[PDB]
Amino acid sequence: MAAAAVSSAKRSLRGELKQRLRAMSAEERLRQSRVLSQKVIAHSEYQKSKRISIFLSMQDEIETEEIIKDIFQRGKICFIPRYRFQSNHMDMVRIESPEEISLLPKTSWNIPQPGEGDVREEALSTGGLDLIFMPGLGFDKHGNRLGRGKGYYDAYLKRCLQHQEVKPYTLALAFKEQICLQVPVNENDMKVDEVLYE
């Protein structure tokens, strides 16, 4: 019953967060995205990181395009999510340029990811990750994260705590609108090291 009461709060907050996000102008999204991009490029953990995981942005997410360009300009090794829609399973798969993203097939969420027969280098098979940019519907200032309900990123973060002597740095990119007072969590949810916004 306590488990269910947590899920209910998470579900209620998602709907509340999604309404706010849907109500944002396209040009305001692009604006905070530009503010976060510049903040990320200045960020010391980003500048030091050599192997990176970043997400490809949905319409209700901070746009990562300018970050991805910077990543490749600085010769960083770039990995992106490849979701296995059957379960809460994802890997991080290597892409070799920003332009490759444009030719990839898309999922039912209209997000690019290498297809089923496209054999990719997975981050955890070649040394893990220094830095993971974390998407999500909401974050609080304690680093608690509210995902979309599937727990892909919670599960993946636990996997990185195998393989890696030193865990990845986890950097969430959030609209000011996604910043919450209290994000409902259970013992299974994974905090992020830092939430960027403004």
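A residue's number is simply how far along the shown sequence it sits, counting from 1.
Coordinates for residue 185 are present in every one of the other compared entries of this protein that model residues on both sides of it, well short of the third needed to count it as often missing. Where the other entries of this protein model the residues before and after it, residue 24 is kept in all of them rather than dropped from a third. Remark: stretch with higher mean C-alpha B factor among 23-31 and 37-45 is 23-31.
The PDB entry gives the largest Cα B-factor of the residues 129, 67, 134, 161 to 161. In this PDB entry, residue 170 carries a Cα temperature factor that places it within the lowest third of its chain's modelled residues. In the PDB entry, a CA B factor belonging to the middle third of its chain's modelled residues is recorded for residue 73.
The PDB entry assigns residue 53 a C-alpha temperature factor belonging to the lowest third of its chain's modelled residues.
Residue-level temperature factors show residue 84 in the highest third of its chain, judged at the C-alpha atom. Residue 122: CA B factor in the lowest third of modelled residues in this chain (values from the PDB entry).
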